[PDB]
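**Student:** Sharing a structure here in structure tokens format.
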Amino acid sequence: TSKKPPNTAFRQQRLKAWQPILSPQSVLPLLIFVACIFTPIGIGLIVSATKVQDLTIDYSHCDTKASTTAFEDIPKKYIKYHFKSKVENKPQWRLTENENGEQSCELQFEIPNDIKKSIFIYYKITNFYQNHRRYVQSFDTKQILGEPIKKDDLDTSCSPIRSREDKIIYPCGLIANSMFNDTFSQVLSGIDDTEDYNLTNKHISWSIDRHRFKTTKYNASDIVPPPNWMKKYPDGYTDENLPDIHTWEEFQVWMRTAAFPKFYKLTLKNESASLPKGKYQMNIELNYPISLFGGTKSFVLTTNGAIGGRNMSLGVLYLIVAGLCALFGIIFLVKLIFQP
Amino acid sequence: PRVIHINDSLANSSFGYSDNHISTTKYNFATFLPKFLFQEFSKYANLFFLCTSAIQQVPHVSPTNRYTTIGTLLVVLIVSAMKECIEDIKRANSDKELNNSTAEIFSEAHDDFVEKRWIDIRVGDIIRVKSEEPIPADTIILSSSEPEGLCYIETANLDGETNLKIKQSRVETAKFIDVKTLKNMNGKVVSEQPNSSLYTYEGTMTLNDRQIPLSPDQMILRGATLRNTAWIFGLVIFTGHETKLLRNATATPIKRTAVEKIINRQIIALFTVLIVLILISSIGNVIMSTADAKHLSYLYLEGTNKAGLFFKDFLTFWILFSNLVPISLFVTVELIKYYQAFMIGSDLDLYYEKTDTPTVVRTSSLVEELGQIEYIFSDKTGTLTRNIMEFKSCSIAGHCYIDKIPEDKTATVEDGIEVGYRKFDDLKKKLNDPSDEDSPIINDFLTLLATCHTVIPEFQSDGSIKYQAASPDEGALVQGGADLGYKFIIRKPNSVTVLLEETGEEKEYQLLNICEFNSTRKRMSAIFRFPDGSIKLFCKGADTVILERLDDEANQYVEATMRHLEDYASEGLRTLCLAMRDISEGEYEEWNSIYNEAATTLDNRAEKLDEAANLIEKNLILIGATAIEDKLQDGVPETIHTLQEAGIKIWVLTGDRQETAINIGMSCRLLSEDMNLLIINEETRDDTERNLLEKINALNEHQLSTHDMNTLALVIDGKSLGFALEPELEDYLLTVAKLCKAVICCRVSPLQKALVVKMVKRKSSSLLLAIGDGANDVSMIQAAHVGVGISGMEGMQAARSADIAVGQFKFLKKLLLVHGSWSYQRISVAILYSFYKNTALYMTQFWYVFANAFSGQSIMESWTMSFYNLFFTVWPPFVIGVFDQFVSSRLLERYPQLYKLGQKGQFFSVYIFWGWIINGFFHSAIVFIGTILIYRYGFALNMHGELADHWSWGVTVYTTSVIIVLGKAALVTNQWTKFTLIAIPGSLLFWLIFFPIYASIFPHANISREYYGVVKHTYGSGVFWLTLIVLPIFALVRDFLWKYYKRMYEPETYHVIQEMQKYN
Ligand SMILES: CCCCC/C=C\C/C=C\C/C=C\C/C=C\CCCC(=O)O[C@H](COC(=O)CCCCCCCCCCCCCCCCC)COP(=O)(O)O[C@@H]1[C@H](O)[C@@H](O)[C@H](OP(=O)(O)O)[C@@H](O)[C@H]1O
Ligand SMILES: *[C@@H]1O[C@H](CO)[C@@H](O[C@@H]2O[C@H](CO)[C@@H](O[C@@H]3O[C@H](CO)[C@@H](O)[C@H](O[C@@H]4O[C@H](CO)[C@@H](O)[C@H](O)[C@@H]4O)[C@@H]3O)[C@H](O)[C@H]2NC(C)=O)[C@H](O)[C@H]1NC(C)=O
Ligand SMILES: *[C@@H]1O[C@H](CO)[C@@H](O[C@@H]2O[C@H](CO)[C@@H](O[C@@H]3O[C@H](CO)[C@@H](O)[C@H](O[C@@H]4O[C@H](CO)[C@@H](O)[C@H](O)[C@@H]4O)[C@@H]3O)[C@H](O)[C@H]2NC(C)=O)[C@H](O)[C@H]1NC(C)=O
Ligand SMILES: *[C@@H]1O[C@H](CO)[C@@H](O[C@@H]2O[C@H](CO)[C@@H](O)[C@H](O)[C@H]2NC(C)=O)[C@H](O)[C@H]1NC(C)=O
Ligand SMILES: [Mg+2]
């Protein structure tokens, strides 16, 4: 038996195997068991998404629709609010102009209940293609780290925003050039006997973004701001004009690009104390025009949940599978009796 | 004319004739490149990635590397090259076993025969091949150890004929007996050209002074074998691939399967799906970046033209969507088919322990063609028969005798005349006592077995005498007389001595004259002189010739033997009738002059001698009849019957004569006794038409019954088949061949064995298998879809040239029913799963073009997408393709009707292929739409107000698309071994531990830098472990509820056999 193959279980294709069958003793107790565990998770994740209470004010078209002299009422389509109570006074805006052409929208909403959990402030941008293939990679990851990268040693993903007049644009590319620059005021100013509610601007971004984004190492003689930054930095950069992107949390939040054309970006939060009920005001200076992208910039005042907001779409999907498996556990049971 | 000098190896080398090597390799060093590339670039996916990599070479298409597709295209071309180099080395090793065999060649300098190798033989050498070793080349015999110069070759490899051929030397050259006098002969041999007509040679050997003629009576071909002669002297005239038999054999051709032909039609299905999705995204890009050019100024788009932009993103959406066609499929179709052929040749039920040869699959690319076999084109001698004859039955004095009586008719029914079976012991008991009537007839029978023949006996040192018979039936008659008691011993000239073990005394018989065997006579007559001084005539021959020449008034048992000739032919045994008569000297003294009448006519001998002998066989007394069986191999009738239950039509193509092919078919039950054979034996072109027309007129004349189809058979001569394969009569022959249950072709040439198999695959869309042994059916094996050879015996030139080489014929049952139908369901399901799982990931790249303004941005990092078809979804195709048994081995052989699942094509077509894509489109839409609703604004997290970005969401798309395509495989599999439990749930557990290791170590090394905070924001989030639960179960609830409804309320025929397997 020199050339005879071995008599083992592997070579003779007789391995210890188990054969599943889809008997009604196995499939039908599975669908009843799936339905009785996907309903406590389905109702448990809809209650957690109902418990989130927020407020959204679309402050686009504050430039033309609002009143300069007095607080007038915001239309029905711009407000979307969810609260444990009812509101009595619907939200109001006002336009306020300063000494040189700089308007600030003054939203004046009402919070009908003490929101005992942590408050976060976002801005919702719609119809902004943060996930474009030309847009997602258009920066330079070495300038973010802080080292003085030279002009031809710089990245080529900055396709038109690489260098201006043979000088190095320091925040390079498209993601930094198109940064959102409506400055939300850092306090919810209380009106008529309610106290002010202070918000903070620190620890907004990811913790890996606060470690990678470091202060730059060029002196300002070599560099120049991006084209849409010239109104903020006229006459180029100086040594005291230089922005450190290590402490600039709004730069790190915007550069973390989003997946979808409707996205939030965190701007302000307070996690120490709760805001009591009352009439509040948020001053928003309007630098970023919506004609650039063609969507609706908005002001969102949210709370967090276990799934992170008022989104029913996870607890509903736990109820569709619990409804489908408990429907076909009935269709296949009346066929088991009346059609054997 | 091939002018061949006799005694100078430098002179014939100036002609530059062929060498002696025989290579059955597919490639060599001179054509490995234009032949391996042709069989790789006839697959349509390898043509697709060649024009995908040619699109990555124009400059500004896609920021992924220019050498990421053509790098993997060389990787899939290296793996498929090393497999076809591994197999072609194994074919070259088996050719080294033939060219390195020993062959004694003459030397002019040494003046004696030197031992050398087969490959050293040149045209013109004088060789000396010994007793029972095969002939090295096409040699003309010069001398032999026999006195006149004759020898006996066996041509069971170049034909199917079982008798021995009388090859004699010329008497003008048989005087060169001694090895020392071989140097003094000079001259040339004007030979013919290489042919393939075996029985015809024409040459002219001129010796020192004048020419001698040549003829096929002194032509010995390469596939022959010397027998019953000590040595011969031959002159090699054709060698290597220039012989008569191996001239039309070629290298192993490219053989594409029917599964592989469907994949080239599933690629075209997938390619016109591909052109649609590229055309949608490239029209939607040129519409959106023109109509919304005022709301996309933050991207700083160039906006060259509408034509130049459309022709640019037509290629960037080609490169993004090129991963629908998997490149990892065509390595795991070559490695599964190579690892299936290793498991076929590792089975002990296909191992032949007697000659120690296991089955080998030399061509691993055809292991799924064994699952759908419509026809089997067998061979007879060596394939179906053992080439061993044996004396089986005798019937004398109206009785009938065998040793091994079967219990179906052991009871002699005594229906008037005795019909039945009695033992050979009772034959000797009615021989011993003289009071019985049959005992003067029984010994007269039993001396005719041991004296009437022309066998030349020889003794050995052990004392066991070996008989040298020119025909194997006569040799079995002598051995049949020997174990009955009448042993045949020493034969001197003109007397025959017989040793009688009944009395113990050694007799002797004076042989007076024997008349030779003739196919026109089909008799053999032998007059003898006895110790009595009395003259008796012994005569053996067929029943159709001597039964006309009897005295029916003298003998009284003729009616019993003719019915005894009827049940012998119902078992396919070869028969001969035995007759005798006492004659006197006075008629013999004149009949000696009648023999001297034939001594006067040397000019006429075929006509004169034989009917001068028939002057004295005008009247005889019948002794009885004999029955010699041609032994079949083990399990031959049980696999002819079982393979016909599976719907496989079994043809038999042989080189034998017609009457012994019918006798074989009656014994393996290929032909029954209640069957209507349609014999077509014609000699002209139009009489083959007229015979074919009247058969096919008389078949549609009557309504075909459901049992009249199974009582119809066809028998073709090799001369009628040479006319019926012409393009005019090609269809009448094929329409009658489709009606009859079994076809038998006789006297068929080695090329006509191939022209039949070519004629069936041209006209029918069916798959054909050809099994044979010997080099007369190498062309039959190379022209079939699967070619099986018989190994373990000498002259195994068909076991080398084949794709599969088995031990014996009965291994064709398990190789087709069990290992074929497994290896069709395995490769068809593992291919459709590999097309599916590439769709269920790379279609989320298409539903994303509506949410990123038709830019083509990917949602996973390109390193992690490359790990999909390399790490986490490679093993569930391998376990399905190598270890999946959809129905057991003992139930595949109990129900041969389950072979019609693969035979129709019920597991692999384009229509089943569309359901694995539409399930892949459906599964990808659940992943996409399920995750853009959960990750609504990036606001699915609970970590201090921080959000989920692009890359923290595309990990949720990637991971959920892994649990689905691994959850689909866990419904597809039929059995769960330990190798399944590490492939389906061990690839998921591989990815869940690979990702917090990869994304925490590799971004620090500037590799996939997108993953900096992804592990904290995917794995640390509670919404990731909730999207991973419900979203697979959403997508796999339709595949699970249809699997229950299909097997319970609408089952196929194998779903019931699987339930028999589980519960019985
Ligand atoms: C864009 C260009 C492309 C255009 C292409 C269009 C058309 C193609 C042209 C012709 C198609 C031709 C025919 C298609 C029609 C039918 C396909 C043939 C039917 C077919 O065998 O396949 C089936 C797929 O079942 C669906 O059908 C799958 C049902 C799910 C379909 C749901 C519809 C999906 C639509 C896409 C959604 C997109 C939404 C858009 C979202 C946009 C987002 C912005 C196969 O799975 P199967 O579970 O039954 O397999 C069974 C069964 O699982 C098993 O128990 C049995 O074996 P065993 O017992 O031994 O194990 C055995 O019976 C086995 O076959
Ligand atoms: C989340 O919760 C609170 C939001 O209302 C906020 O704490 C309240 O706001 C301030 C911040 O501490 C407190 O008012 C000041 O308290 C300090 C304590 O000594 C006083 O010095 C200070 O007096 C004056 O403040 C002027 C500015 O308003 C300044 O110009 C003067 O020089 C002088 O210092 C105020 O009286 C208030 O009592 C806090 N209330 C409660 C209930 O905590 C949290 O800081 C906030 N957390 C965040 C944003 O991280
Ligand atoms: C907040 O963010 C806003 C959007 O990112 C930004 O608005 C853009 O600001 C830039 C610069 O102020 C505007 O660009 C101007 O374009 C006009 C054409 O209409 C030009 O006259 C001018 O470019 C000039 O370029 C010359 C060379 O060709 C050169 O002599 C000068 O350097 C000069 O820059 C302006 O640059 C742009 O139109 C604004 N709108 C949009 C929709 O992009 C706000 O400025 C920014 N505000 C703050 C306070 O940060
Ligand atoms: C808490 O809120 C108060 C109310 O706005 C902040 O007080 C302001 O501080 C700025 C800084 O100079 C002054 O210009 C304003 O006039 C102050 N407002 C009032 C009403 O006094 C205070 O700074 C906040 N606390 C922190 C730590 O920022
Ligand atoms: Mg044969």
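Chain identifiers are assigned as A, B, and so on, following the order in which chains appear in the structure tokens; residues are numbered from 1 within each chain, and ligands are numbered from 1 in order of appearance.
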Can you list, as a ChimeraX atom specification, every protein, DNA or RNA residue that comes within 7 Å of residue 206 in chain B when you count only C-alpha atoms, leaving out same-chain residues fewer than 5 positions away?
**Tutor:** /B:187-189,211-212
**Student:** Taking only C-alpha atoms and all ligand atoms into account, which residues are within 8 Å of ligand 5, as a list in words?
**Tutor:**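 For ligand 5, the residues inside 8 Å are residues 156, 157, 159, 160, 379, 380, 381, 382, 383, 384, 654, 772, 773, 774, 776 and 777 of chain B.
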**Student:** Within 12 Å of ligand 4 (counting only C-alpha atoms and all ligand atoms), which residues show up? I'd like them as a list in words.
**Tutor:** residues 185, 186, 187, 188, 189, 190, 191, 195, 196, 197, 198, 199, 200, 201, 202, 270, 281, 282 and 283 of chain A
**Student:** Keeping only C-alpha atoms, write the selected residues as a CSV table (one decimal), in the first residue's frame.
**Tutor:**
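Saved file result.csv follows:
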```csv
chain,number,residue,atom,x,y,z
A,185,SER,CA,-22.7,84.4,20.5
A,186,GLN,CA,-21.4,82.4,23.4
A,187,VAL,CA,-24.3,83.2,25.8
A,188,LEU,CA,-28.1,82.6,25.7
A,189,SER,CA,-29.0,86.1,26.9
A,190,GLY,CA,-31.9,86.0,29.2
A,191,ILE,CA,-34.8,88.4,28.6
A,195,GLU,CA,-30.9,84.7,34.0
A,196,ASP,CA,-28.3,84.4,31.2
A,197,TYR,CA,-27.2,80.8,30.3
A,198,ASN,CA,-23.5,80.6,29.5
A,199,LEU,CA,-22.2,78.3,26.8
A,200,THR,CA,-18.6,77.2,26.1
A,201,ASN,CA,-16.4,76.9,23.1
A,202,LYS,CA,-13.9,74.3,24.3
A,270,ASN,CA,-23.1,73.5,28.6
A,281,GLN,CA,-32.1,85.4,22.8
A,282,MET,CA,-29.3,84.2,20.6
A,283,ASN,CA,-27.4,86.8,18.6
```
**Student:** Based on only C-alpha atoms, which of the residues in chain B come within 6 Å of chain A? I want them as a PDB file with N, CA, C and O atoms, in the first residue's frame.
**Tutor:**
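The result, stored in out-v4.pdb:
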```pdb
ATOM      1  N   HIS B 295     -24.722  76.937  -7.341  1.00  0.00           N
ATOM      2  CA  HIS B 295     -24.771  76.470  -5.964  1.00  0.00           C
ATOM      3  C   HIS B 295     -23.660  75.476  -5.659  1.00  0.00           C
ATOM      4  O   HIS B 295     -23.700  74.804  -4.626  1.00  0.00           O
ATOM      5  N   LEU B 296     -22.675  75.359  -6.548  1.00  0.00           N
ATOM      6  CA  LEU B 296     -21.506  74.524  -6.307  1.00  0.00           C
ATOM      7  C   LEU B 296     -20.216  75.293  -6.550  1.00  0.00           C
ATOM      8  O   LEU B 296     -19.268  74.738  -7.111  1.00  0.00           O
ATOM      9  N   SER B 346      -8.049  10.980  -3.866  1.00  0.00           N
ATOM     10  CA  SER B 346      -7.712  10.542  -2.521  1.00  0.00           C
ATOM     11  C   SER B 346      -8.760   9.599  -1.953  1.00  0.00           C
ATOM     12  O   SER B 346      -8.749   9.332  -0.748  1.00  0.00           O
ATOM     13  N   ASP B 347      -9.667   9.099  -2.782  1.00  0.00           N
ATOM     14  CA  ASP B 347     -10.739   8.242  -2.303  1.00  0.00           C
ATOM     15  C   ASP B 347     -10.345   6.776  -2.407  1.00  0.00           C
ATOM     16  O   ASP B 347      -9.823   6.328  -3.430  1.00  0.00           O
ATOM     17  N   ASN B 852     -24.060  62.371  -2.923  1.00  0.00           N
ATOM     18  CA  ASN B 852     -22.841  63.165  -2.951  1.00  0.00           C
ATOM     19  C   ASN B 852     -22.701  63.963  -4.240  1.00  0.00           C
ATOM     20  O   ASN B 852     -21.576  64.230  -4.671  1.00  0.00           O
ATOM     21  N   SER B 855     -20.511  62.542  -7.625  1.00  0.00           N
ATOM     22  CA  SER B 855     -19.070  62.740  -7.688  1.00  0.00           C
ATOM     23  C   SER B 855     -18.298  61.438  -7.737  1.00  0.00           C
ATOM     24  O   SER B 855     -17.191  61.403  -8.284  1.00  0.00           O
ATOM     25  N   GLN B 857     -17.592  59.517  -4.821  1.00  0.00           N
ATOM     26  CA  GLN B 857     -16.801  59.321  -3.618  1.00  0.00           C
ATOM     27  C   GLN B 857     -17.147  57.986  -2.972  1.00  0.00           C
ATOM     28  O   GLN B 857     -18.318  57.619  -2.856  1.00  0.00           O
ATOM     29  N   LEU B 933     -30.721  56.615   7.441  1.00  0.00           N
ATOM     30  CA  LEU B 933     -31.805  57.027   8.322  1.00  0.00           C
ATOM     31  C   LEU B 933     -31.364  57.043   9.775  1.00  0.00           C
ATOM     32  O   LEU B 933     -31.841  57.865  10.563  1.00  0.00           O
ATOM     33  N   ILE B 934     -30.470  56.132  10.160  1.00  0.00           N
ATOM     34  CA  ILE B 934     -29.987  56.123  11.535  1.00  0.00           C
ATOM     35  C   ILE B 934     -28.963  57.225  11.745  1.00  0.00           C
ATOM     36  O   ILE B 934     -29.086  58.041  12.662  1.00  0.00           O
ATOM     37  N   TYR B 937     -27.926  63.121  10.706  1.00  0.00           N
ATOM     38  CA  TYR B 937     -27.112  64.309  10.493  1.00  0.00           C
ATOM     39  C   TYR B 937     -25.675  64.068  10.931  1.00  0.00           C
ATOM     40  O   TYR B 937     -24.926  65.009  11.187  1.00  0.00           O
ATOM     41  N   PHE B 939     -25.672  62.382  13.644  1.00  0.00           N
ATOM     42  CA  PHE B 939     -26.109  62.680  14.996  1.00  0.00           C
ATOM     43  C   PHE B 939     -26.621  61.406  15.649  1.00  0.00           C
ATOM     44  O   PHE B 939     -27.716  61.376  16.216  1.00  0.00           O
ATOM     45  N   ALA B 940     -25.853  60.331  15.521  1.00  0.00           N
ATOM     46  CA  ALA B 940     -26.212  59.057  16.113  1.00  0.00           C
ATOM     47  C   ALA B 940     -25.411  58.711  17.359  1.00  0.00           C
ATOM     48  O   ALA B 940     -25.567  57.605  17.882  1.00  0.00           O
ATOM     49  N   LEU B 941     -24.584  59.617  17.859  1.00  0.00           N
ATOM     50  CA  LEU B 941     -23.659  59.283  18.930  1.00  0.00           C
ATOM     51  C   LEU B 941     -24.106  59.891  20.254  1.00  0.00           C
ATOM     52  O   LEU B 941     -24.957  60.777  20.307  1.00  0.00           O
ATOM     53  N   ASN B 942     -23.505  59.408  21.336  1.00  0.00           N
ATOM     54  CA  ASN B 942     -23.758  59.894  22.689  1.00  0.00           C
ATOM     55  C   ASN B 942     -22.442  60.178  23.400  1.00  0.00           C
ATOM     56  O   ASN B 942     -22.211  59.765  24.536  1.00  0.00           O
ATOM     57  N   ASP B 949     -18.757  61.115  11.596  1.00  0.00           N
ATOM     58  CA  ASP B 949     -18.381  61.714  10.331  1.00  0.00           C
ATOM     59  C   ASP B 949     -18.566  60.706   9.194  1.00  0.00           C
ATOM     60  O   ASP B 949     -19.307  59.728   9.330  1.00  0.00           O
ATOM     61  N   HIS B 950     -17.955  60.997   8.043  1.00  0.00           N
ATOM     62  CA  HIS B 950     -17.968  60.102   6.890  1.00  0.00           C
ATOM     63  C   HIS B 950     -17.404  58.728   7.233  1.00  0.00           C
ATOM     64  O   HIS B 950     -18.030  57.705   6.938  1.00  0.00           O
ATOM     65  N   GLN B 975     -24.300  21.271   5.291  1.00  0.00           N
ATOM     66  CA  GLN B 975     -23.689  20.555   6.398  1.00  0.00           C
ATOM     67  C   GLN B 975     -22.675  21.446   7.097  1.00  0.00           C
ATOM     68  O   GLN B 975     -22.003  22.261   6.463  1.00  0.00           O
ATOM     69  N   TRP B 976     -22.557  21.273   8.409  1.00  0.00           N
ATOM     70  CA  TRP B 976     -21.714  22.123   9.245  1.00  0.00           C
ATOM     71  C   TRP B 976     -20.615  21.279   9.879  1.00  0.00           C
ATOM     72  O   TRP B 976     -20.802  20.713  10.959  1.00  0.00           O
ATOM     73  N   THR B 977     -19.461  21.224   9.230  1.00  0.00           N
ATOM     74  CA  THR B 977     -18.304  20.516   9.758  1.00  0.00           C
ATOM     75  C   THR B 977     -17.540  21.441  10.708  1.00  0.00           C
ATOM     76  O   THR B 977     -18.029  22.507  11.086  1.00  0.00           O
ATOM     77  N   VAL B1023     -24.791  52.886  19.072  1.00  0.00           N
ATOM     78  CA  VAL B1023     -25.657  52.776  17.904  1.00  0.00           C
ATOM     79  C   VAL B1023     -25.029  51.861  16.864  1.00  0.00           C
ATOM     80  O   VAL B1023     -25.693  51.425  15.918  1.00  0.00           O
ATOM     81  N   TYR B1044     -37.835  28.201   4.122  1.00  0.00           N
ATOM     82  CA  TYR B1044     -38.817  27.367   4.803  1.00  0.00           C
ATOM     83  C   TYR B1044     -39.982  27.034   3.889  1.00  0.00           C
ATOM     84  O   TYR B1044     -40.527  25.928   3.951  1.00  0.00           O
TER      85      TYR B1044
END
```
**Student:** One decimal, Å: what's the distance from CA of residue 848 in chain B over to atom 34 (C, counted along the ligand's line) of ligand 1, could you say?
**Tutor:** 16.8 Å
**Student:** Report as JSON lines: every residue of chain B with an atom at most 6 Å from ligand 1, its closest pair of atoms, and their distance in Å to one decimal, counting only C-alpha atoms and all ligand atoms, with rows sorted by chain and ascending residue number.
**Tutor:**
```
{"residue": "B:273", "atom": "CA", "partner": "ligand 1", "partner_atom_place_in_ligand_line": "2 (C)", "distance": 4.9}
{"residue": "B:276", "atom": "CA", "partner": "ligand 1", "partner_atom_place_in_ligand_line": "2 (C)", "distance": 5.7}
{"residue": "B:847", "atom": "CA", "partner": "ligand 1", "partner_atom_place_in_ligand_line": "44 (C)", "distance": 5.0}
{"residue": "B:911", "atom": "CA", "partner": "ligand 1", "partner_atom_place_in_ligand_line": "18 (C)", "distance": 5.7}
{"residue": "B:912", "atom": "CA", "partner": "ligand 1", "partner_atom_place_in_ligand_line": "21 (O)", "distance": 4.6}
{"residue": "B:914", "atom": "CA", "partner": "ligand 1", "partner_atom_place_in_ligand_line": "11 (C)", "distance": 5.2}
{"residue": "B:915", "atom": "CA", "partner": "ligand 1", "partner_atom_place_in_ligand_line": "22 (O)", "distance": 3.2}
{"residue": "B:916", "atom": "CA", "partner": "ligand 1", "partner_atom_place_in_ligand_line": "24 (C)", "distance": 5.7}
{"residue": "B:918", "atom": "CA", "partner": "ligand 1", "partner_atom_place_in_ligand_line": "28 (C)", "distance": 5.5}
{"residue": "B:919", "atom": "CA", "partner": "ligand 1", "partner_atom_place_in_ligand_line": "28 (C)", "distance": 4.5}
{"residue": "B:921", "atom": "CA", "partner": "ligand 1", "partner_atom_place_in_ligand_line": "36 (C)", "distance": 4.9}
{"residue": "B:922", "atom": "CA", "partner": "ligand 1", "partner_atom_place_in_ligand_line": "34 (C)", "distance": 4.2}
{"residue": "B:925", "atom": "CA", "partner": "ligand 1", "partner_atom_place_in_ligand_line": "41 (C)", "distance": 5.2}
{"residue": "B:972", "atom": "CA", "partner": "ligand 1", "partner_atom_place_in_ligand_line": "61 (O)", "distance": 5.3}
{"residue": "B:1039", "atom": "CA", "partner": "ligand 1", "partner_atom_place_in_ligand_line": "48 (O)", "distance": 4.7}
{"residue": "B:1042", "atom": "CA", "partner": "ligand 1", "partner_atom_place_in_ligand_line": "48 (O)", "distance": 5.8}
{"residue": "B:1043", "atom": "CA", "partner": "ligand 1", "partner_atom_place_in_ligand_line": "55 (O)", "distance": 3.5}
{"residue": "B:1046", "atom": "CA", "partner": "ligand 1", "partner_atom_place_in_ligand_line": "55 (O)", "distance": 5.6}
{"residue": "B:1047", "atom": "CA", "partner": "ligand 1", "partner_atom_place_in_ligand_line": "59 (O)", "distance": 5.9}
```
**Student:** Using the chain letters and numbers from this document, which residues of range 554-708 of chain B does DSSP assign to strand (DSSP E), as number ranges by chain?
**Tutor:** B: 574-583, 621-632, 649-653, 676-680
**Student:** Give the residues close to ligand 3, within 9 Å, counting only C-alpha atoms and all ligand atoms; write them as number ranges by chain.
**Tutor:** A: 102, 177-183, 226-234, 286-293; B: 297-298
**Student:** Taking the backbone alone, and naming residues the way the document does, which bits of range 161-290 of chain B are alpha helix (DSSP H) by DSSP, as a VMD selection string?
**Tutor:** chain B and resid 258 to 290
**Student:** Interatomic distance between CA of residue 48 in chain A and CA of residue 254 in chain A?
**Tutor:** 28.5 Å
**Student:** Distance CA of residue 624 in chain B-CA of residue 553 in chain B, one decimal place?
**Tutor:** 15.8 Å
**Student:** Measuring between only C-alpha atoms and all ligand atoms, which one of A:25, A:37, A:275, A:109 shows the shortest distance to ligand 2?
**Tutor:**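 For ligand 2, the nearest of the candidates is A:275.
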